[PDB]
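The structure appears right after this line, and notes come after that.
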Amino acid sequence: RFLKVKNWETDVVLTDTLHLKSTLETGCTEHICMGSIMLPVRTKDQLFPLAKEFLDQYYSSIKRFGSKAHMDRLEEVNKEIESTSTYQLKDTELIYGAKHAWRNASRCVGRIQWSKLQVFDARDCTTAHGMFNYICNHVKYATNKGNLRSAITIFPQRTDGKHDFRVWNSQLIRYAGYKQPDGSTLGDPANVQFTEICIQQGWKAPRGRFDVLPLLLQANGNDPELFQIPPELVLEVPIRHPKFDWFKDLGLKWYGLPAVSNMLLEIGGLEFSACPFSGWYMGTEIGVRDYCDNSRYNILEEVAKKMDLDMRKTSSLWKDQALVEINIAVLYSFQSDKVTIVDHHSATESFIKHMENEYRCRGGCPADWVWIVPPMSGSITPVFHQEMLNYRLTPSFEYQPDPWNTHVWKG
Amino acid sequence: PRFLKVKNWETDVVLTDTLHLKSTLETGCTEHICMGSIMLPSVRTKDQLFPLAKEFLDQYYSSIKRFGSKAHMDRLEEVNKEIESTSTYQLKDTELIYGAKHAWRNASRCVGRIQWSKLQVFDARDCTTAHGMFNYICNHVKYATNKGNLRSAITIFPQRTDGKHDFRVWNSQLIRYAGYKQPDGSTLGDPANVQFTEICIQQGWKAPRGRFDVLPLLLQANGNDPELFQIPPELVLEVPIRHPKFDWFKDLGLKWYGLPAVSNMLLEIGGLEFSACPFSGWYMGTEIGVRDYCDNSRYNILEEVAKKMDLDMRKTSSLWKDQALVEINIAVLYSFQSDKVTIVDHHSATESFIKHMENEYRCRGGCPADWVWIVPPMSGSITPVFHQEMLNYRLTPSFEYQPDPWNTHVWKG
Ligand code: HEM
Ligand code: HEM
Ligand SMILES: C[C@H](O)[C@H](O)[C@H]1CNc2nc(N)[nH]c(=O)c2N1
Ligand SMILES: C[C@H](O)[C@H](O)[C@H]1CNc2nc(N)[nH]c(=O)c2N1
Ligand SMILES: N=C(NO)NCCC[C@H](N)C(=O)O
Ligand SMILES: N=C(NO)NCCC[C@H](N)C(=O)O
Ligand SMILES: [Zn+2]
């Protein structure tokens, strides 16, 4: 039951007891490990145990476990589910829940910051125009002129499943992708489907390479509506290299604010289907993945050519050399414009310190090694040498289907 | 479940695994916890042994298209009677070869498996003494080295009987460098081998006490106390490491050996346990250039290289570690290629592996693979394996960990 994890660099061993609190499942079995697979309404009876589980942890956290206040609240919530088939979180509960969903996020390397999350309560929102206003305020607060601050905005919880709030966008800020007559993709290929959805809904696409997508927002189960984020709220950084003057001529830029907007927040059985959240970038996210994935901007060959590397044979490591340079450029560009960014060395070192804190004060830290180890220079970061246990605690952030696959278009 | 899909996220190819239904052994994972990043998670009686033997011979006979034949049926009968009367059994030479090839085929952590069908198997089951093991191992080294044109090979010593007469190679690899803890707390040579080096010295080895001393072989035959032997220097091929552009690189004084030969694993075939089964292929460059040279708890050369490169080391965000890492790895590949010693870069190796894996799904129904081990320790996502979902499970015949023998050996004195 009590599991040990070893760091093979430092020989430090930690003991995990926290995994014994996971109710949810991993996709693995005793015979098969699915650790590398990307993706392996509640009835009344379903809901009270989940609410109770949550309220017990909440009341424990504030040192009032078993108190009258604790028991009073369970009964109140119990009576509310019984009567209304659902319930409403107190503001203190919502804030605790969202922070803990971040705390429990096994794939997030930035969790040392978890207790500092700014939670914006948008549960009073009723319309798409209201959603747009809440989202601009989030973008402006979080961006903070380049001195980024973590934040989440929480729209109304699911009820009957036919009045869901959703941000159709996968992040608040992303670039369009356009399939071309000549077979190629212009822009970001990751966003081709969603861009088409915007167009057929009305968007007049500019048809460039770095077109900030419009917001497509769904309130109360209604058909979604298009809105443009004030251009002046979208902070971008042009990418240059401190040594190569030709780099700026590649014409590359990226946006400062990473804001995942397609996930579902579960707190105490309640489901928050629209819950955009933001932090700040780790450099490799943009320089390794967004820029060098073959299926993304796929820029390695172009960069390698401008560096005049020998690209006749893989064993010259021309791909590897170009990769480091692209990532050097990304960090230098964000730092020079005073936009918060963390490099993979600093971020992984912080995470190892966070793990140790969590093991000491909480009995463990769920971590997905496949996601925590950066996509370049893996073994020269400390996380590579750290064994991790992956398990699922709630409150949690969950994947959910894209809404265009399930939306019944009212028309 | 009968069908499991894996997806490649860069190509959108989906593959269907059915081979996992033949998995027997357990992973360490459960419905509630994944242990996929744990390095090591968690004799046989007659009753245990016959099904394991039968399972294996059905696999063997099926492979040669003689399943259910009289040949097949007689062999089952023969093994059953052999187990009944002697409590163990002996493999035919053909079955041993098949078994050893399949253990490699089945090794989830090995990126080199496109080569599995070409293993040279050396049958050393007539061996009885440590001196005999030494001679077998010298022959393996000379054959596998092949003057730099490396050939994959495995030498198989007698199987376990009662667990009191085990053959063991105490070395973790046939060729490895000594490590010495100094009184000031520093390490001379390879810190990975300090404990084994101390054991060798205790048993009588006169250590040169340098930075790259080839360790002696420490060999246990038939449960007896192990004995020391020096591999003839002329059979140990080494490569001095230089850089194609940086002429100061050579003056770091680095070299490595050409033949990687894991010697501490256990090979299971049809329930039988082969506790001494050294095997060798050829290096992928990152094993040396990233791990052996640049791990903090190994030779740890990153700073020295970066200093000589005049990189800005004041802040991690210059990516000075990363820039130095690439150059060290360019140097390892350049040096081996220049001396005409087989080596493979991590791009070539991972590309070959994806082709192998796809072929295996199609002809075999699956390819168990450990993503944590398969993805190289630098430049992960610019290799195709990073983007490939994998399924990890345990098929037999198999290579398994076993505890270091100094922890278990009963000293006879
Ligand atoms: C504050 C700075 C933050 C940093 C440096 C950071 C770092 C990261 C990185 C590098 C990833 C991998 C992303 C990818 O590969 O696509 C990730 C994933 C994730 N993070 Fe964070 N993060 C931060 C803030 C947050 C916040 C504020 C939340 C929630 C409140 C959060 C929750 C998550 C979740 C759920 C994932 C997995 C997302 C997925 O499955 O696609 N993170 N984080
Ligand atoms: C012929 C060329 C080969 C290449 C390029 C290759 C490549 C590799 C690499 C890079 C690793 C990771 C090693 C580490 O990180 O320490 C590995 C692991 C492994 N390989 Fe191979 N290999 C080859 C031959 C072989 C052979 C001949 C066998 C057995 C007959 C084999 C079986 C294994 C096993 C069992 C592991 C896991 C070892 C462990 O857990 O420490 N490989 N291979
Ligand atoms: C197939 C494999 O799961 C996939 O490529 C994963 C690998 N590790 C990851 N790690 C992070 N942080 N983000 C990702 O998108 C990926 N994708
Ligand atoms: C903790 C983690 O499992 C450990 O550092 C693993 C990571 N992946 C690996 N991959 C390979 N090929 N070899 C290794 O030794 C490691 N070690
Ligand atoms: N650092 C964060 N969030 O705080 N990342 C969110 C996912 C962003 C995604 N990896 C990208 O490169 O666009
Ligand atoms: N490629 C192989 N075998 O053929 N590797 C075996 C392990 C070698 C180990 N990684 C080292 O760097 O010494
Ligand atoms: Zn698993």
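Each chain in the structure tokens gets a letter, A, B and so on, in the order shown; residues start at 1 in every chain, and ligands are counted from 1 in the order they appear.
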(request) Kindly work out which residues sit at most 7 Å from ligand 2, using only C-alpha atoms and all ligand atoms, and give the list as a count of residues only. (result) 26
(request) Give the residues of chain A that lie within 7 Å of chain B; count only C-alpha atoms, and format the answer as JSON, numbers by chain. (result) {"A": [9, 22, 24, 25, 26, 27, 28, 29, 30, 31, 32, 33, 34, 35, 36, 37, 293, 294, 295, 314, 315, 316, 317, 320, 321, 324, 328, 331, 343, 345, 369, 370, 375, 376, 377, 378, 379, 380, 387, 388, 389, 390, 391]}
Could those selected residues go to a file with C-alpha atoms, as a PDB file, in the first residue's frame?
ATOM      1  CA  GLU A   9      20.775  11.033  -9.215  1.00  0.00           C
ATOM      2  CA  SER A  22      -7.553   8.250  -5.441  1.00  0.00           C
ATOM      3  CA  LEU A  24     -10.616   7.541 -10.227  1.00  0.00           C
ATOM      4  CA  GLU A  25      -8.830   5.183 -12.612  1.00  0.00           C
ATOM      5  CA  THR A  26      -5.677   5.379 -14.731  1.00  0.00           C
ATOM      6  CA  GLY A  27      -6.241   3.302 -17.851  1.00  0.00           C
ATOM      7  CA  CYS A  28      -3.515   0.875 -16.760  1.00  0.00           C
ATOM      8  CA  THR A  29      -4.128  -2.657 -15.562  1.00  0.00           C
ATOM      9  CA  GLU A  30      -1.957  -5.236 -13.793  1.00  0.00           C
ATOM     10  CA  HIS A  31      -1.142  -6.640 -17.242  1.00  0.00           C
ATOM     11  CA  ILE A  32      -0.795  -3.504 -19.389  1.00  0.00           C
ATOM     12  CA  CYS A  33       0.606  -0.020 -18.817  1.00  0.00           C
ATOM     13  CA  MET A  34      -0.912   2.837 -20.794  1.00  0.00           C
ATOM     14  CA  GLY A  35       1.306   5.546 -19.273  1.00  0.00           C
ATOM     15  CA  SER A  36       2.073   6.945 -22.745  1.00  0.00           C
ATOM     16  CA  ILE A  37      -1.530   7.057 -24.095  1.00  0.00           C
ATOM     17  CA  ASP A 293       6.785  19.498 -34.313  1.00  0.00           C
ATOM     18  CA  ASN A 294       6.433  18.286 -37.926  1.00  0.00           C
ATOM     19  CA  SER A 295       2.667  18.790 -37.597  1.00  0.00           C
ATOM     20  CA  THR A 314      21.319  12.781 -39.287  1.00  0.00           C
ATOM     21  CA  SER A 315      24.535  12.018 -37.348  1.00  0.00           C
ATOM     22  CA  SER A 316      25.827  15.587 -37.705  1.00  0.00           C
ATOM     23  CA  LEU A 317      23.018  16.388 -35.227  1.00  0.00           C
ATOM     24  CA  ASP A 320      19.656  19.075 -32.475  1.00  0.00           C
ATOM     25  CA  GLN A 321      21.792  22.199 -33.032  1.00  0.00           C
ATOM     26  CA  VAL A 324      18.811  24.641 -29.154  1.00  0.00           C
ATOM     27  CA  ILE A 328      17.589  30.222 -27.100  1.00  0.00           C
ATOM     28  CA  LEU A 331      13.722  32.772 -24.149  1.00  0.00           C
ATOM     29  CA  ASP A 343      13.268  27.881 -18.991  1.00  0.00           C
ATOM     30  CA  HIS A 345      16.020  23.934 -16.170  1.00  0.00           C
ATOM     31  CA  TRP A 369       6.633  11.582 -15.971  1.00  0.00           C
ATOM     32  CA  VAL A 370       5.821  11.415 -19.710  1.00  0.00           C
ATOM     33  CA  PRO A 375      10.644  17.594 -24.813  1.00  0.00           C
ATOM     34  CA  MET A 376      14.365  18.438 -25.171  1.00  0.00           C
ATOM     35  CA  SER A 377      17.500  17.750 -23.083  1.00  0.00           C
ATOM     36  CA  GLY A 378      15.471  15.409 -20.857  1.00  0.00           C
ATOM     37  CA  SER A 379      18.231  13.770 -18.769  1.00  0.00           C
ATOM     38  CA  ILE A 380      20.075  17.002 -17.981  1.00  0.00           C
ATOM     39  CA  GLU A 387      10.532   8.303 -10.188  1.00  0.00           C
ATOM     40  CA  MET A 388       6.915   9.500 -10.041  1.00  0.00           C
ATOM     41  CA  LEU A 389       3.589   7.914  -9.286  1.00  0.00           C
ATOM     42  CA  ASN A 390       0.655   8.955 -11.452  1.00  0.00           C
ATOM     43  CA  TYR A 391      -2.846   8.782  -9.964  1.00  0.00           C
TER      44      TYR A 391
END
Produce a table with one row for each residue of chain A that has an atom at most 6 Å from any atom of ligand 1, each row naming the nearest atom pair and its distance in Å at one decimal; use only C-alpha atoms and all ligand atoms; arrange rows by chain and rising residue number; format as a Markdown table.
| residue | atom | partner | partner_atom_place_in_ligand_line | distance |
| --- | --- | --- | --- | --- |
| A:102 | CA | ligand 1 | 29 (C) | 4.5 |
| A:105 | CA | ligand 1 | 35 (C) | 5.1 |
| A:107 | CA | ligand 1 | 37 (C) | 4.8 |
| A:108 | CA | ligand 1 | 43 (N) | 3.7 |
| A:109 | CA | ligand 1 | 7 (C) | 4.7 |
| A:110 | CA | ligand 1 | 4 (C) | 3.8 |
| A:150 | CA | ligand 1 | 27 (C) | 5.0 |
| A:151 | CA | ligand 1 | 27 (C) | 5.8 |
| A:277 | CA | ligand 1 | 30 (C) | 5.4 |
| A:278 | CA | ligand 1 | 27 (C) | 4.9 |
| A:279 | CA | ligand 1 | 1 (C) | 3.6 |
| A:280 | CA | ligand 1 | 2 (C) | 4.6 |
| A:281 | CA | ligand 1 | 5 (C) | 5.5 |
| A:282 | CA | ligand 1 | 10 (C) | 5.3 |
| A:397 | CA | ligand 1 | 35 (C) | 5.1 |
(request) Kindly compile the residues surrounding ligand 5 within 10 Å, counting only C-alpha atoms and all ligand atoms, and format them as a PyMOL selection string. (result) chain A and resi 108-111+148-151+170-171+173-175+254-261+277-291+341-342
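Counting only C-alpha atoms, residue 62 of chain A has the following residues at most 12 Å away, ignoring those fewer than 5 positions along the same chain: residues 55, 56, 57, 67, 69, 70, 92, 93 and 96 of chain A.
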(request) Just the residues within 9 Å of segment 297-301 of chain A, please, counting only C-alpha atoms, with nothing from its chain fewer than 5 positions along; format it as a list in words. (result) residues 187, 188, 189, 289, 290, 291, 292, 306, 311, 319, 322, 323 and 326 of chain A
